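Chain by chain, the residues:
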Amino acid sequence: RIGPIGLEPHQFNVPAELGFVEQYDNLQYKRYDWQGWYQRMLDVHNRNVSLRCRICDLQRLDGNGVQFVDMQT
Amino acid sequence: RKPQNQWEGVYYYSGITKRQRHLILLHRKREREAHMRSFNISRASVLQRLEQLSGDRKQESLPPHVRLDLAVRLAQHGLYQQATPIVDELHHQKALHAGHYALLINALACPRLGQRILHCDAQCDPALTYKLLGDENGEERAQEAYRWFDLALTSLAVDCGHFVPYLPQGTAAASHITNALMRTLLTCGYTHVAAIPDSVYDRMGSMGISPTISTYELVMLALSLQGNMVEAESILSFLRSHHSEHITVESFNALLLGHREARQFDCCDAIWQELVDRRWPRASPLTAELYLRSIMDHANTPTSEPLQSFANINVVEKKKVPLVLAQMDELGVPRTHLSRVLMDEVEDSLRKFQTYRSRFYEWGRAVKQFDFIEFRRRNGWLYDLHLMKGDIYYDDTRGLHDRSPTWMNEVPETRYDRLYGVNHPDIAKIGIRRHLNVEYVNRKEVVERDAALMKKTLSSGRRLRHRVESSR
Amino acid sequence: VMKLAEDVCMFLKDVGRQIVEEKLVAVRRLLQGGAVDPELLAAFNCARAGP
Amino acid sequence: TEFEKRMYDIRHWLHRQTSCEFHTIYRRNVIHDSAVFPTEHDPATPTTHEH
Amino acid sequence: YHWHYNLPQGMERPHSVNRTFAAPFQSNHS
Amino acid sequence: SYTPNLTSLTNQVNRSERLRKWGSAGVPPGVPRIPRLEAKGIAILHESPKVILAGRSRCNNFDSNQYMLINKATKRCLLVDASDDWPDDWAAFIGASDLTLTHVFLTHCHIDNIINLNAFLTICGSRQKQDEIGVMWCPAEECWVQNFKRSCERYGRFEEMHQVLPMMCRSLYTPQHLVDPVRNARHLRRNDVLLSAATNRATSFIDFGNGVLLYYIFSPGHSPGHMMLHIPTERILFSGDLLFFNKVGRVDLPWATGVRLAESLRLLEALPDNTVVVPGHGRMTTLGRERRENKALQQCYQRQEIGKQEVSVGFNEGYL
RNA sequence: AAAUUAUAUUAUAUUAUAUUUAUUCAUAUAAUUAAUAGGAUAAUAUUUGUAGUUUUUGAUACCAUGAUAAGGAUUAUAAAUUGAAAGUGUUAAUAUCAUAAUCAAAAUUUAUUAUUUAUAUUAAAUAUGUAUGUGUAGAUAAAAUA
Ligand SMILES: [Zn+2]
Ligand SMILES: [Zn+2]
């Protein structure tokens, strides 16, 4: 699992999902002088990044011993 | 329009000029001459120090540590014959102790000649250093290492004079001297490398000396250079079962070197992936050296099952190289700590299989593709490989037509258009109109037009039939 | 697309079995024995107050 | 990454007039730094709708 | 002239052009 | 076109011509088959007490025409210049007219005349299965028979390439095959006649039946062997490629001489003006209108009158 | 004089009689030409108003098309099914501009007392006598003077 890991008590580790789309053309826009702007259009149209996290994963203890997300949090 | 090929790759530049390859060869030759010059200067300095201490100090007896350092520096430079009377005099004066014997036997493995053989002779292949250091007097340095081992055991029996019948075999000094003997015998020829797990290990067991982790790592490296992988994997399985907190990276390097020598590259990939998974012991640059050299040895391997029908198959394993390098950036292994020959092969495989996002937006322009075609047309005699020349498991009696109503859902548009005159006696069965059976886009209008044309010509034919048969 | 999805699923089955077998042969070595990473041990003893 | 490399190169031997796109949902560690983003009190003069 | 849609749409023959011709990098710009 | 030897491949003028003619493609687009759309039906052109002429115009993308003579008495039909992209309307017409196809007349063996000949013979023999159809042709067109494949190369007719022409099979004029003693669909074609270049008004005819005689006339210039049909009782001259509406045939093809075309136009002056001339391409005319309003014949007779010994006339752009 | 082919449903229409508008029409107009050029993570070319000038927009004909209407025969010997419905042939009239030397109708855009059909505005009038269409339309769920 990639990502940085915080060992200080002011750094909490959140295991989260990241969803994204890869799309490359191989039929007509595989290569010619149009291929650059078509690939840029496919990339900017697929610019969405979905960052997901369960709230049950946020209900752990912090570096200071207190729970990260409690009921009122 | 004529269709373009979708299974033909985009034309991109992956290669070097003749001038760049010539300059790489020239610079590598210059580095080899520089390493040879450095070793010859150091060896001349050591021989001049020996001649100074032998000429000027003819009758003045030297202190024993100066002679010990001189014998160590003589044996490290591959000058073992100039150091053995010094060791005989130092043992006869009883000036040598437990650590000095292990220092002398470790110096007998010549780790200064090994650097020259590494950088010049072996072309930085670390297995080839063990293969080529056996040529510079393997059997004689092995006999001297055995003699110094006997001298060391006699001096250890002297220096230990309860545990009285179990000395000096139970001490740390006997295990250290045995490890030094194995490390020196690895440097020698194939006979002593094969005798390291055969004779030396059985002698160490019969003497009652408790081994250490370096003992098992040197036995694993000797079995690696022999090519016997089941015994080396058995020794690492023994170490994983019993003494697992003491395993260092040299056992992984032994298995990587051995599976590279036995040409089982899938085991090299398995060992590297395991080392990336556990992350402890830390991967040295020797790990990356051995793994990338196993990759380059597998990628340059020709195959014989397709018999080279289209191209070389194993070159796609060089596509593993931009992955593993990124793993090195996660492992903290610096890629600048790789040898120049392996760095040349790694940059070769990187310019063959790596691109960035900014180049990927411009690499398919027609200017570059047509420049590729023009460069293949003009000078392709310089760069071409050919121009050189229900559930089925519980189904047994399948239930058919189970009253599933296809009239609740809507599939009404199932119209089909058949050609006119299938059973007509005047219309022939064989004809070019059979080509009308394979046409999908304009099917309805083509079938109606063909039916109208056939009806018109049959009506005109029967009309002419009636007119001619009634006119006579 | 149905005939392609039979061509790719058979491809990713033989490739994916080879890769998971390469990971399973490493996991069964990690379960036989290994040394604890000191950076991994330092990650557990990082918080001030525990539970 | 050996499987992601092998999955991306399916695009080079696909069928006629048949393309593909890829989706990837992977787990990634996210650090919430309590010093860059601190948990503080509300200010004395609060914000309004005019901000 | 074309390929029919009820035919199996397999790849006819692979093309190894970048591994037969290794081209050095040459741009018009310095 | 022609065979790509070493000199044609190292020529830059060849690539310049292939860029000028066809643009960035460089390859000529062929002459394709007419589809089942935009195809017309068979028309009955002429009805007479003796014969019936039934034809179809623009049956190829060469813009050729397909004609059939029907004997009203004997119920025998005769195709001339058998080149139709759809010889399924003709077989259905013959079967619904209760006719028998016995011969196919060929003026000359260019690709605009013999492209669908095996299709004609195969489909009409298959309908006759529920005596085979003969071929009438001139042996000089042998030199144009052997280049039927090459002409199928350049005009994109790939499905008609690998087809043995029925004029190449063993007729009664040829030696016979010595087959092993332990078949005759292709080994021998007894119904085949070879026309002679010595054509006269006495005996150079085909007995079509009911006293109808079809005089074949040897008239080169567009081909080494080019045979017109002349029916004097019906005033009908199937000219083929010799004479069209306001134009004549090409000479800029191989084995085509302009002075042979001029002699072929000069051997046509003894027919009456009310003879309807029926060309292989385009619209039909009369011989009197071609004597009055055709500039090629005017140039031919003007060069003959001013004293040219070798009068050479002919088109360079027109119908093949 | 039978069998029913029959669709049938409901609404509208005009210079009452004059006015504004969507399109149409009049008369004023703007717009014009041609050709390529690769730049971060690449073992070294500094480079791009440079190689183009007399550049391409130029053959609407008298071919034998095709639409219209009309008449024919075959199958129901079952009460089951959600569902007893589908294929195959002949005559009249009408009609036929593609192998050739060009060019901007409505290629085509914009505006003015002015030409329409529609757009909504739009009213008096019991002294007498008085004012009937063809069509245009939407989805389609009654039937016997020949
Ligand atoms: Zn011809
Ligand atoms: Zn012709």
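Residues numbered from 1 in each chain as written, not as in the entry; some residues may be left out. Chains lettered and ligands numbered in written order. Part of a larger assembly, values for the part shown. Heavy atoms only, no water.

- If you check the header, you'll see the entry was determined by cryo-EM and the resolution is listed as 3.1 Å.

**Comments concerning the protein's contact with RNA strand G**
Now for step 1: The environment of RNA strand G is formed by 46 residues, the closest being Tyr13(B), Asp371(B), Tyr420(B), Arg449(B) and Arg283(F).
Now for step 2: Counting only atoms of RNA strand G within 4 Å of the protein, the fraction found in sugar and phosphate groups is 45%.
Now for step 3: In the environment of RNA strand G, a base oxygen lies 3.0 Å from a nitrogen or oxygen atom belonging to the side chain of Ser358(B).
Now for step 4: At 2.4 Å, a side-chain N or O of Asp371(B) approaches a base nitrogen of RNA strand G.
Now for step 5: When contributions to the surface near RNA strand G are tallied by element, the ones reaching two or more residues are α1 (18–55), α17 (357–360), α18 (366–378) and α19 (443–471) of chain B together with β1 (43–47) of chain F.
Now for step 6: Broken down by element, the surface near RNA strand G gets its largest block of residues, eight residues, from α19(B).
Now for step 7: Tallied by class, the residues present in the surface near RNA strand G amount to 15 nonpolar, 13 polar and 18 charged. (Near = heavy atom within 4 Å. Polar contact = N/O pair within 3.5 Å; in protein donor to acceptor, adjacent residues only side chain to side chain. Helix = DSSP H or I, 4+ residues; strand = E, 2+ residues; numbered from the N terminus. Nonpolar A, V, L, I, M, F, W, Y, C, P; charged D, E, K, R; others polar.)

**Details of the nonpolar core**
Now for step 1: Membership of the largest hydrophobic core comes to 87 residues, with the highest contact counts inside it found for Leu74(B), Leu104(B), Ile177(B), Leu186(B), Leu292(B), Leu325(B) and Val346(B).
Now for step 2: When residues no more than four places from it in sequence are discounted, the contact partners of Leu74(B) are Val46(B), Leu47(B), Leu50(B), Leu79(B), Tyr80(B), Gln82(B), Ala83(B) and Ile86(B).
Now for step 3: One finds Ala91(F), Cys124(F), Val145(F) and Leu271(F) within the second-largest nonpolar core, a separate group that totals 63 residues. (Core = buried A, V, L, I, M, F, W, Y, C linked by side-chain atoms within 4.5 Å. Buried < 20%, exposed > 50% of the residue type's maximum accessible area, 1.4 Å probe, protein only. Contact = heavy atoms within 4.5 Å.)

**Some details on the packing of aromatic side chains**
Now for step 1: This model, assessed by the stated rule, comprises 25 aromatic pairs over all chains.
Now for step 2: Measuring from centroid to centroid gives 6.0 Å for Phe375(B) and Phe21(E), while their planes differ by 80°, and the two rings are edge-to-face.
Now for step 3: Since its relative accessible area comes to 15%, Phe375(B) is described here as buried.
Now for step 4: Here the aromatic cluster, defined as three or more aromatic residues joined through ring pairs, consists of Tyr29(A), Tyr32(A), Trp34(A), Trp37(A) and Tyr38(A). (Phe/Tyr/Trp six-rings, centres within 6.5 Å; stacked < 30°, edge-to-face > 60°.)

**Quick word on the interface of chain B and chain D**
Now for step 1: The interface of chain B with chain D comprises six residues on the first partner and 11 residues on the second.
Now for step 2: The junction of chain B with chain D conceals about 690 Å² of combined surface from both sides, 53% of it contributed by carbon and sulfur atoms.
Now for step 3: If you sort the residues of chain B by the area they bury against chain D, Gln6(B), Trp7(B) and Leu323(B) come out on top, with a joint share of 67%.
Now for step 4: Applying the counting criterion to the chain B and chain D interface returns one salt bridge.
Now for step 5: The interface formed by chain B and chain D holds four residue pairs in polar contact in total.
Now for step 6: Of the residues assigned to the side of chain B that touches chain D, the class counts are three nonpolar, one polar and two charged. (Buried area = accessible area lost by both parts, 1.4 Å probe. Salt bridge = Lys/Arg side-chain N within 4 Å of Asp/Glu carboxyl O.)

**Quick word on the coordination of the zinc ion (ligand 2)**
Now for step 1: Of the protein atoms, only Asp112(F) (OD), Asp241(F) (OD), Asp241(F) (OD), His281(F) (NE2) and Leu320(F) (O) coordinate the zinc ion (ligand 2), at distances of 2.1 to 2.4 Å.
Now for step 2: Here the zinc ion (ligand 1) and the zinc ion (ligand 2) are spaced 3.6 Å from one another, each receiving a donor from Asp241(F). (Donors = N, O, S within 2.8 Å, 3.2 Å for Na, K, Ca; no water.)

**Regarding the interface of chain D and chain A**
Where interface size is quoted, it is often the accessible area lost as the parts come together.
Now for step 1: The partner chain A presents 28 residues to the 23 residues of chain D that form the contact.
Now for step 2: Across the interface of chain D and chain A, roughly 2600 Å² is buried in total on both sides, 52% from carbon and sulfur atoms.
Now for step 3: Counting the surface chain D buries against chain A, the share from its top three residues, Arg27(D), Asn29(D) and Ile31(D), is 28%.
Now for step 4: Our count for the chain D to chain A interface comes out at one salt bridge.
Now for step 5: Note that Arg27(D) is salt-bridged to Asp57(A), the shortest N-O span being 3.6 Å.
Now for step 6: Put simply, chain D and chain A have 17 residue pairs in polar contact between them.
Now for step 7: For the side of chain D that touches chain A, the element with the most residues is strand β1 (residues 21–33) of chain D, which contributes 13 residues.
Now for step 8: Two strands pair when backbone bridges link them, and strand β1 (residues 11–23) of chain A and β1(D) are joined in this way by 13 bridges, in the antiparallel orientation. (Pairing = 2+ DSSP bridges.)

**What about the arrangement of the chains?**
Now for step 1: Note that chain C does not reach chain F: the shortest distance linking a C-alpha of one to a C-alpha of the other is 30 Å.
Now for step 2: A gap remains between chain D and chain F, which never touch, and the nearest two C-alpha atoms on either side lie 23 Å apart.

**Structural notes on the coordination of the zinc ion (ligand 1)**
Now for step 1: Looking at the zinc ion (ligand 1), one finds its protein donor set to be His108(F) (NE2), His110(F) (ND1), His222(F) (NE2) and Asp241(F) (OD), positioned 2.2 to 2.3 Å from the metal centre.
Now for step 2: Coordination at the zinc ion (ligand 1) is irregular: its four donor atoms span angles of 79 to 173° at the metal. (Tetrahedral: all angles 85-135°; square planar, octahedral: opposite > 155°, others 65-115°.)

**Thoughts on the environment of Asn48(A)**
Now for step 1: By the element assignment, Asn48(A) lies in the loop between α1 (35–45) and β2 (50–52).
Now for step 2: Separated by 11 residues in the primary sequence, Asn48(A) and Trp37(A) place their C-alpha atoms 18 Å from one another.

**Things to note about the packing of helix α9 (residues 190–207) of chain B against helix α10 (residues 213–226) of chain B**
Angle between the axes and distance between the axes: these two values describe a pair of packed helices.
All names here are of chain B.
Now for step 1: The geometry of α9 relative to α10 is characterised by a closest axis approach of 9 Å and an angle of 140° between their N-to-C directions. Crossing angle aside, the handedness with which α9 passes α10 is left-handed. Here α9 contributes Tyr190, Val193, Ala194, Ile196, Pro197, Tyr201 and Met204 to the contact with α10, which in turn contributes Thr215, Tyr216, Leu218, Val219, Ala222, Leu223, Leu225 and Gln226.
Now for step 2: Among the residues forming the contact of α9 with α10, the class breakdown is 13 nonpolar, two polar and no charged. (Axes fitted to C-alpha atoms, helices over the stretch in contact; angles between N-to-C directions. Left-handed = near helix turned anticlockwise from the far one by under 90°.)

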